[PDB]
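Take a look at this single chain in structure tokens; it is the form deposited in one PDB entry.
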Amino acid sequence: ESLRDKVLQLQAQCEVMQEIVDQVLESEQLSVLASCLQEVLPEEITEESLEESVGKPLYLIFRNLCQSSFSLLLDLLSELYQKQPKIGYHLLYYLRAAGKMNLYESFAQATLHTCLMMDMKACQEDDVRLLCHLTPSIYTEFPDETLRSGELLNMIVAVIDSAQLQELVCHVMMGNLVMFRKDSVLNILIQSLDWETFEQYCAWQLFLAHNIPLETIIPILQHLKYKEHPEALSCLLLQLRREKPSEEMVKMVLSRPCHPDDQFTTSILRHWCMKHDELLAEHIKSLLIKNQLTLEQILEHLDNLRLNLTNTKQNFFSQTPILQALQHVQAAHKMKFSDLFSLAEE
């Protein structure tokens, strides 16, 4: 047909393609092949002049689908996406004088979650800046597809820069971006335990940028392995110091192996016993009376704490709960911890 050949001929191409647009209201692979063989972020992202580039030739298709009979013309762009995958995220770019991104769902249903993931991976590989400036709206318009698994989170953190991580934490702290949910955050961090160094630091900073209380994720302490997981251990230590210790947190801290090169437990216990002395004493007393966390593990962690607390002026082993618990407990492993029991005896 000769109008489509006129569009081929010109290459102010908007009305020229509106010719085809008007004609596709009653064998499209050749049209989409022509369109594909025919064919992102402005350097200064200024509002309403970033849409200066959003016009142009191909994006006009998007426009004609943003206006019932709203269904008999997305087949063309479905064939475009089946030919050229990149347009899949270009649409997202266009959608962010459009209405709302509720069009993209309708576009996805011709291949939502796997479409979003592939388009976002292509965007990540090609243009990182576009992925940054697209992440908030993506996570907002599609929460039940993006908050469930660290796929998209890993995608972002694998390529993100420190300045891009700063703009992302800002977006989180401003009410514009939400990347975790109290449901999935634990699963997602246990998954994150396998990522690169800076990827894991980015994940943890982004989690702190939300307002999810530490306890929701303190079970992760089970999974934190001395040799294997430095970043999550460091962030969890530096955040746990700032918390009033619950009994479950001190159980989780004591339920980690005693390795002579592992300084997490004794560090956090020293901090707690110096600022929350009687509360920590109460919790470890309640733990000592039979609440693996074998008794000798608690005793060894406490003996490490005792041998360390001589560094400072700390009457923590004078607390009445701890001496009460020590004498109650003492009544095989005995010769191992004589000193400890001796603080509650002599």
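Here the rigid core means the biggest group of C-alpha atoms that line up within 1.5 Å when the two forms are laid on top of each other. Don't overthink the numbering: it's just position in the shown sequence, from 1.
Note that the form deposited in another entry isn't included here; everything after this is about it.
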Quiz item: Among 298, 279, 32, 60, whose C-alpha is off by 2 Å or more between the shown form and the other one on a rigid-core fit?
Solution: 32
Quiz prompt | residue 45 C-alpha relocation of at least 2 Å between the shown form and the other one, rigid core basis | solution = yes
Quiz prompt | in that other deposited form, whether the C-alpha atoms of residue 34 and residue 118 sit closer or farther than here (change of 3 Å or more) | solution = closer
